[PDB]
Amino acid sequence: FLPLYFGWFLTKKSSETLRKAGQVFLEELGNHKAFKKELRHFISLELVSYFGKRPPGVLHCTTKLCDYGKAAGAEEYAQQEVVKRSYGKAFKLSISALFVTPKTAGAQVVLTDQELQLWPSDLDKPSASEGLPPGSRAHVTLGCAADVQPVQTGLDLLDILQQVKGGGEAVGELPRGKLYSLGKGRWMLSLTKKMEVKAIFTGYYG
């Protein structure tokens, strides 16, 4: 049978680098003037505590949830030649931004053309994936609220990218880049220089 999901799994070193950057962002954003004004638009605050649910091991960037072939389009994805050829191969993922919402905290991944070939295109695509290019959903989950599932992180990103498509000015300056307030508890850090993490494409089993 198929794996739980296919994706890029960061090396232990790359995972640690991205994770430590994630927590620093939560600490910074939480201490920031701009954030403390819109708390009512966020909570009815230590964000590291708020996003208590975090990946226990190495971080990953999912491509296709298969659920052992229970998910729609799972078989059609795994039978691809590019998926078989890329299985076990090493890749580099570009991290363009770190973001936060009342539900999730994650990192936006900007996929290369090669890596975009490993991105699925099934019949079911959520509303927020409308006028945006494929792979825009690509991300690494850094944390979630207590009653939120990791899958939500992708939806949060697509919702965020829809906002920026309309454009915005930054409300602050973090050491790694400019901070943008997108309203309704959403925040994005546009990194001055994009982070590169090393990862391996493969399948995860429960």
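Start at 1 and count along the sequence shown; that's the residue number.
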>> Zero if continuous, otherwise a range: how many residues of the deposited sequence are missing coordinates between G167 and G168 (none, 1 to 3, 4 to 9, 10 or more)?
In response: 1 to 3
> Which class describes the count of deposited residues lacking coordinates between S44 and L45: none, 1 to 3, 4 to 9, or 10 or more?
Replying inline: 4 to 9
>> Regarding 177-185 and 135-143, which shows the higher C-alpha temperature factor on average in the entry?
In response: 177-185
> Of 28-36 and 146-154, which one has the bigger average CA B-factor?
Replying inline: 28-36
> Among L123, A105, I95, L111, where is the Cα temperature factor highest, going by the PDB entry?
Replying inline: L123
>> Highest recorded C-alpha temperature factor, please, choosing from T101, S127, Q117, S86.
In response: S127
> Ranked by Cα temperature factor within the chain, is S49 in the lowest third, the middle third or the highest third?
Replying inline: middle
> Lowest, middle or highest third: where is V58 by Cα B-factor in its chain?
Replying inline: lowest
>> Please say which third, lowest, middle or highest, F201 falls into when its CA temperature factor is compared across its chain.
In response: lowest
> Taking the entry's C-alpha B-factors for this chain, is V171 in the lowest, middle or highest third?
Replying inline: highest
>> Is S14 in the lowest, middle or highest third of its chain when residues are ranked by C-alpha B-factor?
In response: lowest
